[PDB]
Structures are given as structure tokens and as C-alpha cells.
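> got an experimental structure here, sequence first:
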Amino acid sequence: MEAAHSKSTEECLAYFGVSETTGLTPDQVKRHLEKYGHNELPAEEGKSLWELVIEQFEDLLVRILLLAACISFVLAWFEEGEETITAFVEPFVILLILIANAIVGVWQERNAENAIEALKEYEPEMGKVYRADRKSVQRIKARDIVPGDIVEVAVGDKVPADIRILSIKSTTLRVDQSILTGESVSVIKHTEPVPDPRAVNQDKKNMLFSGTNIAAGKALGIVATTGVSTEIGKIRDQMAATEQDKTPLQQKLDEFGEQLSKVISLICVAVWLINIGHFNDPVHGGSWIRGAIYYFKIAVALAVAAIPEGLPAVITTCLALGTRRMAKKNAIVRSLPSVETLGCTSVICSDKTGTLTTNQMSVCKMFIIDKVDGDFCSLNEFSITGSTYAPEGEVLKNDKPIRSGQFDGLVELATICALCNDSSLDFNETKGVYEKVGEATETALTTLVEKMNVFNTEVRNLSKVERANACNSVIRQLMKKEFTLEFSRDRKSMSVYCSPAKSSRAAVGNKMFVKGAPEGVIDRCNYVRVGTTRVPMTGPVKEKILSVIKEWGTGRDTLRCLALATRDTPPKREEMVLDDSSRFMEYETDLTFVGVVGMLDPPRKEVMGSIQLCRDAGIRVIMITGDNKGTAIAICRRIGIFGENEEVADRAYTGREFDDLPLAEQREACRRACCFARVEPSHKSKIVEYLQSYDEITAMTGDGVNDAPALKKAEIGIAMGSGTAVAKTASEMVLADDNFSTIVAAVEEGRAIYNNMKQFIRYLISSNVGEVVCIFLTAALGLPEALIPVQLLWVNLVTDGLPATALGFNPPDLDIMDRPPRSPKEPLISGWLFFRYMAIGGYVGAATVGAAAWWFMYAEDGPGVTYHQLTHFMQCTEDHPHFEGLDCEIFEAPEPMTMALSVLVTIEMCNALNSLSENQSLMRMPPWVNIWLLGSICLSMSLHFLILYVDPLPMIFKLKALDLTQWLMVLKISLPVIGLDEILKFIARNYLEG
Ligand SMILES: C/C=C(/C)C(=O)O[C@H]1C(C)=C2[C@H]([C@@H]1OC(=O)CCCCCCC)[C@@](C)(OC(C)=O)C[C@H](OC(=O)CCC)[C@@]1(O)[C@H]2OC(=O)[C@@]1(C)O
Ligand SMILES: Nc1ncnc2c1ncn2[C@@H]1O[C@H](COP(=O)(O)OP(=O)(O)CP(=O)(O)O)[C@@H](O)[C@H]1O
Ligand SMILES: [K+]
Ligand SMILES: [Mg+2]
């Protein structure tokens, strides 16, 4: 039953045809189970090991790697019978890289939480029902509860389904339903229908929601909806159905592997076409097995050279270390890759209470009526010092302190505040700080009354624990609180009914004290209190009352205002029905205005500045709050979002205003808007999607289970540290200090991280560019493998990997936050910079093979056909005559390979330095800015020297230490890469566009 809140007790009973005193019949339970199913959220979306390791291998680069291991593995079964048992080292290493990969992908799963699952925490195991088999109640599995069931609940129970309350057995019934929203004050529940069929949940005063807790009471009810059709159920489905896009980096990396795969193919075709003369070779002889070996051993060298195998491990290290840096600055990032999307944030929607403000309220101004005389009006305005909940502070009239007792309106205004109050105080001794007992806005009142000793109580010597509620107690001794009328949003007020507690204080009989939103209660006033006396309410006084309330609320004071009033002649107790808020507004009429109180919920110290950072950074900030639109605009002005005298007819909106727009004007409103007041939780998701439709990158704050779908929908979901468990698991980020300024600090760090990450990505990819040219020449010129795949593996995982990591620690730019947000559709390498890495990879591929060629041809340690005929080395074991009067196994020598490899390793340290900056010279930007990177270069060189010298390792790498004269050539060959980039950099700034 969808609309159970809008129906009568009887109607719901009749809908399912069940009797409240008997329950459902076994047959009716059979039938209701097959119609509505069991009372549970769907089982989790199943994944497994066999399905998890395959996911690791449905990447494309890793697929190609896997194939490259196979060929290598067959190759390690045909090279020679005994040339090298290190034939087997190649394929077994590639597998490790895949396995290591596979392993990590799954210990990142055995740890990751699910928000759909975090909901289940709010499903209770058991429930209680009455049914027709038994007179008495039976405890059963909440799983087996059905719509139409008669259910019982009491203190401490978790609510099993969504239930229409039938009868409240106890004298009252309060419910904790903060699991939905966040605010923990329990709320009164009633039995009568709620007329509006499109009522929001806060107004469903007669419903109990699955997942909430009973704070006080015992109630019988009938089950309206179960499982996925509850309110927490309707959120599970919004959360399941919402699909998160990939981060723009994953998006780019995916596009990389897609193009890399087609490139490799072009190169194979090319290699084949250049060796199409091989078809003109004679048929008898040669060695097909040695041709096929060669076009295969070059085929795998082509794969491990193309792919930046170290890259995912480097990205993940930067993120993980950035993450821990960010936790130092109060931001707890949940998934590593969202650090990239965070820094891209173009729009921020933050809640106001608690995040833009301290949620620590106290009363600042207050006024009573001093005199009424026709049109002539005089208010009596006051100010109050002290910003905390502590009773330290004083009242002033035009800046001189006053003794509040000599104002009679003041003693009355005091007692309303103390009596019309469900909250209080208790002094904490471990912190030495006064904290609040209930609601913050009421606690401000209970604090205000402690500052105006209306009865001038000698309190100048009291113990602090007993100083907590001293002035309030004397006002509790005066009137017994017979009962109270709870706050509801139709009438936006609350009240209490009181009787005097003595026999000498027992004057004037019974009274109602009233507080609420000023429009509503002032419209219900026909009298005005001037001191002890009383006078009929008029125009001139109502003017000069709403006048001051508009000033206090829409002024640079930005104050939250309550009107306070008494009903001097309340109805007789027997003529009030207390079980039905429908009548509570009518009970609270014919009032006497006593005064108005104005409190502040202050901005946080750091918020002012973070918003200017956002302007500097091209980030739109959007406030979301509960204040009336008028004071909402005013707080925006005070925190910098708006200018003081800047027109905002079209950049603020209430929910009521937002809905009354056709869907067209709604999308457009979200492009301009910077303020939303009094929203319905559904409006957060709408706002996101509209923002998304402009390719915005949106950060959204949220607190409770009913904020989860918008949290999961925004590009960056932001939860509060003090928020629910569920909202934390639905968010990409958690604020340990609930503070907005933390968000802005996270955007800053996430921009500083990507600009570093930007460079080591560029760095590693370029090396792979260079490697592939080395390989291509090898195959196109007809050269003995200048670089074996096993070596390349070392270079990409270890030798290159260390500078790349140091590069995540580049000093941040001074102007990180003075630039607009980065377009996600921005390529890493493009236009001119593409032409530049095309030239540098061009270099490297030539220098590497030329180091092998040099050692073969023009060098001292090996004769080699200067006539270039070395080329035909595969036909040396037979064609000794044809300009080859020398040896043959020399073309598998380690020495010319280490020449190549050393030239590669040395070249890559140089390129890491050129990579400290995209376009700035090293004469403008020294290498010793990144000290951690100077340091790591020294490390890899050692490891080069390690695998060149330590007896087990050179045979493994087909390597061989080279002497002083061979290092000098290695430097000669490699050192010029610095000079090459310094020139292309010179072009970038001085002659193209920039
Ligand atoms: C990595 C290994 C190299 C060999 C390669 O294939 O990369 C190409 C390709 C993948 C693109 C290119 C490379 O294109 C070439 O170098 C032309 C082919 C040369 C023929 C070889 C025989 C002489 C990148 C590498 O070239 C430069 C010059 O660096 C830059 C960039 O890559 C990036 O943006 C990296 C993504 C973070 C991409 O153009 C990229 O594809 C596009 O989708 C981008 C946007 O990705
Ligand atoms: N304890 C109380 N007794 C009577 N009226 C109260 C009250 N607390 C708040 N109000 C009044 O109720 C009006 C409606 O505000 P509501 O109380 O529903 O929201 P809220 O202040 O908790 C919103 P938010 O989501 O921003 O924190 C306010 O304008 C205020 O004048
Ligand atoms: K999200
Ligand atoms: Mg409130």
C-alpha cells in the first residue's frame, strides 16, 4: 500500500482485509508472500575467484602480454639444445608480472566495501507479529514479514518493514529516524491520517520506516510495504541502478591500449613488407625454423617494448602516497582513482549547517515591546555577548550592560525560553566545556536564559555541574509542565501547557508558552505584552515588528529568528485532544506576542577564504540549506558566494519554486544557480544530473541514507565524518572534520598530484616509444637483437620506475589554484608535444641499436663488416666465403647488448630530468628542485652496475660489464638527449602558440 499515510486506520485494515485484533490467516500469509515476496533487499551481485582473475585479464594490454609469454615460452623450446638454459627466463618473468597483477587486483576486492551491502546493517534479524493462529505475539524472521501484517514494536527494536501505526499502547511514541537524515532528535508519532497524498517523509507523522529505531513506546501497526518497496528499499534501487563513469585517466589509458594495439599491427605488416624480398630468396636451404624463430623472438620483443608495464604500479603508488598526505589535511579518500576526478571538480554543492557553519548557535539580539500608543511604537532591543553554549555573558542596551530583572517583558521572554524547551545542558568535567543536551537551536535558548538572571539569583558562586541548569530550574519550580505540543511544519511552532506549582506563587492559573517561526505565530497573535500589561495587536506595531525581523534576518547580521508568545487564556484541559497535531495550530491561537529572539549559526573561520580560492580556481560553489530563501541569500552574501549589492533574482531557488518550473527552465536554472533553500532530498539527484548535462564535474555533500543516491551519483560523493556508515560507503571522500575548507584543500592536492602524475605518465610512455623504434630498426635493417625482452622488462619495472615515482613529488606550481578546472577531455600528448616525443623516441631507437652496431662495426673489441654486411648474420654458419672470413656465435654476444642497454638506461635518466617540466629549461628550472629525484637516479645506476657485475645476474640478462672506455662512449652517445629537448622546448615557448 503506497499511500498508507494518507489513509485511515480503518481504510488500511480494509484494504488488506485484516482484523487488528486477530492478524492475518495462514492462507493470507501464503497468498501475500507470493504477491509481495519476502521482506528483504535482493541478494548481493555475485562475483568469484574464477570470475575475478579473468577480470584481471579482460584488459587489453595485459591480454597482449599474456600472448607474448606463450610465444616466448615456445621460443624457449627451440633456441638451442645447449646455448642457454636462460632460454626459460623470459616467459617465466612475464607470467609473474601478470600473476602479481592478478593477485593485487583481488586483495583490492577482499577489502573493498559495498554501499548496497552497508544498507543490510539496518535490516533487523527478527520482528514481532500477531496472526490468527495464536492470541499472543510471535517473534519471527524479519525476512518472513508481509504487507498486511499486524506488527508490534517497542523501545530498542529496529523497525522491520514500512508500517502504518494503528494504535499507540503507551502514553507516547518517539522514534529515532536519523538513519535517514542525520538529525538525532526523536520525533512524536500519531495515528490520524496525513491528508496530502504526495507528502514528504518528514511529514508522515503516522508512519514507521524500516531501518529506524524506537526510542520510547510500544505500538501496534499494519505493514504497508516490504522489501524493495520500502523507503530504504527505494534507495537501494536508486543506488543499484546508478552507473559510475570511468575517471578521465582510465578513459585515456583505455584509449591508449586501444591505439597501441593497432600500432603494433601496423609495425608487423611493415616489418613483413620490408622483408618481402625474402620471398625472392632461393627455396632450398636457409632455416625456416630460424626465420620463424627470428620473426617471433622480435614479435615478443615488440610487445614488451610497447607496453608500459611499470605504469599501473607507479600511478597506484602516487595515489596511495597522496592519499596519506591528504589524510593529514583532514580528507579521507576512499577509492584511489577519484583523486584525479576530484582535482577536476568544476562545481561544489555543500550543505550549510555543519559544513559551512559550526552548528554551534547562540542568541545575539532580542527585543520586547516597550510601549504602544496608537501608531507610536517603541521596541526595546537588546544584544547578548558570548558565542558558546556556556552561561558566561551579559545583556546590553545600547552597549551598556543591564540587569535584566527590571524589564518585565524580559522575565516572561525568559520563562518561555526555559519551559518551551525539550533540550538542556550538562557540564562535562573531562573537557571543561559546556556541551548541549538536545537540539542546537533550543540549547541556545536554555543558554540565553542563564545569562539574564531575571530573578537576579545569587548564582555568583555555584558549582559548574550544578551551574548548568540553575536559572532554568527556578523557572521549573514556578510552573509544572503538564504536557507539551510538539513542533510540526504545517504551523512551524511548538508549545507547552503549564500550571503553577506553589500556593503563593499560584497566581493567574494556567498558561501556554509558544515558540516558532515568526510569520506563523505573529499572525496568530491578537495581543502584545508591554511589561506586565497587555494591549491589543495593531498595524503600527505589527509593522515595526516584522520590520525588525526582516532586518535581522536579511541583514548582514544573518540571524535565525523565533517569535515567542503566551496564550493567556488557554482552553480547558478536558477540551483538548492531544493525540492529533491537526488541532495543535488551532490550540495555539489568540496569542500574546512577548518577544523575538535572534541567534547566529556562524560561518567557520576558514570558509570565507576557501570560497575566494574557488573563484580563483574557476570553481562554482552552490549552497544548500534549511533557512528561508531570504536569509539564505543573505548568508551567501556574507560568505562571499554573492556580492553584497549584486542582483540575484535568477540565481537562488526554493524547492517549491524549482518544482513549479517545467523541466526546461529547471536544467537552465542549475547552470546559473549558487543557492538552494528548503529542498526535498530528491532535488539533490536532480541537481547533479542537470549539472552533469553541462559536463560539469560535481562534488556533493550528504549525511544520511537518503543522501546516498546523490552521493553515489555525483562524480565526487562527499560524506561527513559524523555521518552515517552508509553515506560514508557511498561517497568517494569523507571529511573527518565536517568542514568545507577541507574540500577545497582536497581539490588543491588533487590538482598537484595529477600535474605530477601528468609528467611521469608522459615520461614512461615516451620511453616505450623509443624502445619500439629500436626493435623496428632491428627487424628492418636486419640486425642481431640489440635488446632482449628480458632486459626491457627490467628497464620498465625498475630502472624507469624509480624516477617516475620521484616525479610524483615534483614541487607544486605557485599558481595551482589560480587556473580554471582542467577539461577531462584533455589529451596527455597532442599537437606539438606529440611531434616532440615522436622525435625523441626517434632518437632513442637509433642510439640504442647504434650502440650494438658500434660495438660490432667501428669498435675495438669486435670486427664487423663496415660494408654493413653484418646484416646477414643469420647466414653466417654457412656462407663463410661471402665476405665473412670470421666467427659466427659473436652475433649472440652479451657485450654489444649491454652497450645498447647501458645507452638506454643512461638515456632514460636524462629524459627524467627533461620531464621535471613540460616547457621550461633546466637553466630556468634546476634539476635540484626535486631532491628525491636526483636521489633515485643514483639508485638505478647502481642496479645497472649490479646486474653487470654480480655473477649470477649477467648470465640471466645476457649481459657483460664494460670498461672505462666503453662507458665514455655510452655517455658520448646518451648525454646529448638533454640538448635535444632543450631546443624543442625553446621552440614551444618562443615560436608556436604559448
Ligand atoms: C607507446 C608506444 C608507441 C610505439 C606508440 O605506438 O604510441 C603511439 C600511440 C599509442 C599514441 C602516440 C604514439 O604514436 C606514435 O608515436 C606514432 C607511431 C610511430 C610508429 C612506430 C615505428 C616507427 C603517443 C604515445 O605518442 C607520443 C609521440 O608520445 C602519444 C599519446 O599517448 C598518450 O597520450 C598516453 C596516454 C596517457 C597518444 O597519441 C597515443 O594514442 C592516442 O590515443 C594518445 C592520445 O594516447
Ligand atoms: N525548537 C523549535 N521550536 C519552535 N520552532 C522552531 C524550533 N526549531 C526551529 N523552529 C522554527 O521552525 C522553522 C522551520 O525550520 P525547521 O525547524 O523545520 O528546520 P531546521 O532549522 O532544522 C533545518 P536544516 O535542515 O537547515 O538544519 C524555522 O524557521 C524556525 O523558526
Ligand atoms: K559517486
Ligand atoms: Mg532546526
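Ah, there it is. Numbering: from 1, shown residues only. Ligands and ions are numbered 1, 2, ... in the order given.
> enumerate the residues of the chain near ligand 3.
When proximity is defined by C-beta under 5 Å from the ion, the chain lies next to ligand 3 at 712, 717. The way it works is simple: take the backbone N, C-alpha and C, and place the C-beta from them, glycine included.
> pull out the buried residues from the top strand by length along the chain.
Among the segments of the chain that qualify as a strand by DSSP state E, the longest is strand 362-373. Counting neighbours by 16 or more other C-beta atoms under 10 Å, one finds that the buried residues in strand 362-373 are 362-369, 372.
> tell me if that strand is near ligand 2.
No - if you take C-beta under 6 Å from any ligand atom as the test, strand 362-373 misses ligand 2, and the best it gets is 13.0 Å.
> how about the nearest residue to the residue in the stretch 251-400 of the chain that ligand 3 sits nearest to, chain neighbours excluded?
Nearest residue of the stretch 251-400 of the chain to ligand 3, counting by C-beta to the ion: residue 338, 8.0 Å away. Across the structure, with C-beta to C-beta, 6 or more residues apart in numbering as the measure, the residue nearest residue 338 apart from its sequence neighbours is residue 732 (4.2 Å).
> how near is the one you found to residue 823?
20 Å (C-beta to C-beta, to the nearest Å).
> what do you get for residue 716?
The gap separating residue 716 from residue 823 is 17 Å, by C-beta to C-beta.
> which one of the buried residues of strand 362-373 is nearest to residue 887?
Residue 887 lies nearest to residue 362 out of the buried residues of strand 362-373, by C-beta to C-beta, at 94.2 Å.
> the closest one contacts residue 446, doesn't it?
No - counting by C-beta atoms under 8 Å, residue 362 sits too far from residue 446 to count as a contact (10.7 Å).
> hang on, residue 359 in a helix?
No - when DSSP: H, G, I helix; E, B strand; the rest coil is applied, residue 359 is found to be coil, with no helix at that position.
> that one contacts residue 439, correct?
No - when contacts are counted by C-beta under 8 Å, residue 359 is not listed as touching residue 439 (10.6 Å).
> list the contacts of the closest residue to residue 36 other than its chain neighbours.
Nearest residue to residue 36 in three dimensions, chain neighbours excluded: residue 147, at 4.9 Å (C-beta to C-beta, 6+ apart). Taking C-beta atoms under 8 Å, 6 or more residues apart in numbering as the contact definition, residue 147 lies against 1, 16, 32, 36, 161, 223-226.
> now do residue 882
Contacts of residue 882 (C-beta under 8 Å, 6+ apart): 869, 872, 875.
> can you list the domains in the protein?
By the assignment in curated CATH domains, the chain contains the domains 12-54+113-240, 55-112+241-345+746-994, 346-358+603-745, 359-602.
> mind listing what whichever residue of the stretch 601-750 of the chain sits closest to ligand 2 touches?
Of the residues in the stretch 601-750 of the chain, the one nearest ligand 2 is residue 626, at a distance of 2.1 Å by C-beta to the nearest ligand atom. In this structure, residue 626 makes contact with 352-353, 677-678, judged by C-beta under 8 Å, 6+ apart.
> give me that answer again for 7 Å
Counting by C-beta atoms under 7 Å, 6 or more residues apart in numbering, residue 626 makes contact with 353, 678.
> how close does it get to residue 516?
Noted for residue 626: a distance of 15 Å to residue 516, by C-beta to C-beta.
> for residue 67, same thing?
Applying C-beta to C-beta, one obtains 74 Å for the distance of residue 67 from residue 516.
> same question, residue 380
21 Å.
> which one's more surrounded, these two?
It is residue 516, of residue 380 and residue 516, that has more neighbours when counted by other C-beta atoms under 10 Å, with 22 against 17.
> hang on, isn't the more buried one packed against residue 492?
Yes - applying C-beta atoms under 7 Å as the test, residue 516 and residue 492 come out as touching, 5.2 Å apart.
> state the number of residues packed around the closest residue to residue 121 other than its chain neighbours.
What sits nearest to residue 121 in space, not counting adjacent residues and going by C-beta to C-beta, 6+ apart, is residue 725, at 6.6 Å. A count of neighbours around residue 725, defined by other C-beta under 10 Å, yields 16.
> got the phi/psi numbers for residue 725?
phi -70, psi -40 (degrees, to the nearest 10).
> in this structure it contacts residue 119, no?
No - with contacts defined as C-beta under 7 Å, residue 725 does not count as touching residue 119, sitting 9.8 Å away.
> for the stretch 751-900 of the chain, just list every one of the helices.
With helices called from DSSP state H, counting those that start in this stretch, the stretch 751-900 of the chain shows them at 789-794, 801-806, 831-856, 895-914.
> out of the ones you listed, flag the one nearest residue 187.
Evaluated with C-beta to C-beta, the helices of the stretch 751-900 of the chain place helix 801-806 nearest to residue 187, the distance being 53.9 Å.
> quick check: the residue of the protein nearest ligand 3.
Going by C-beta to the ion, ligand 3 is nearest to residue 717 of the chain, at 3.9 Å.
> next SSE downstream of the host helix or strand of that residue?
When elements are assigned from DSSP states H and E, residue 717 belongs to strand 716-720. Proceeding C-terminally, strand 716-720 gives way to helix 725-729 as the next helix or strand, assigned by DSSP H and E.
> that next one packs against which elements?
helix 115-120, helix 708-713 (3 or more C-beta pairs under 7 Å, 6 or more residues apart in numbering; DSSP states H and E).
> what do you get if the cut-off is 8 Å, keeping everything else the same?
Other helices and strands packing on helix 725-729, by 3 or more C-beta pairs under 8 Å, 6 or more residues apart in numbering; DSSP states H and E, are helix 115-120, helix 708-713, strand 716-720.
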